[PDB]
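Shown below, as structure tokens, is a lone chain in the form deposited in one PDB entry; questions about how it binds or moves come after it.
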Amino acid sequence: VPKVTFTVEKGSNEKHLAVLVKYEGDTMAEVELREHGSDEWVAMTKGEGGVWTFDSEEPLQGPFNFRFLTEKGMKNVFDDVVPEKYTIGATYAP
């Protein structure tokens, strides 16, 4: 029963996209973030220390897509995770 959920952490400011991917249970290994037409899946960047952030380059910022790699060894793609006008302080995912 795959039911994960992220959380746009405060890490987001200018062009940062932080997420508090954590639903208790499994473990944290690595995370991969997408966009729409950037350049295929792009492994996140553990720069926040507690969460995963992403530096956007394009002027447009629509929905995102994730597919962590839990230490346990279980991946899964996620579409329509974050909305259009996301608000840092909520959850957006399947």
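Start at 1 and count along the sequence shown; that's the residue number.
Separately, the form solved in complex with a partner chain exists; it is not shown, and the next lines address it.
- Contact between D79 and its partner chain in the entry with it bound is found at the 4.5 Å heavy atom cutoff.
- Although the partner is absent from this view, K22 stays clear of its partner chain in the entry with it bound, with no non-hydrogen atom inside 4.5 angstroms.
- When contacts are judged by a 4.5 Å heavy atom cut-off, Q61 does not count as touching its partner chain in the entry with it bound.
- Though the partner is left out of this view, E32 does reach within 4.5 Å of its partner chain in the entry with it bound, counting heavy atoms only.
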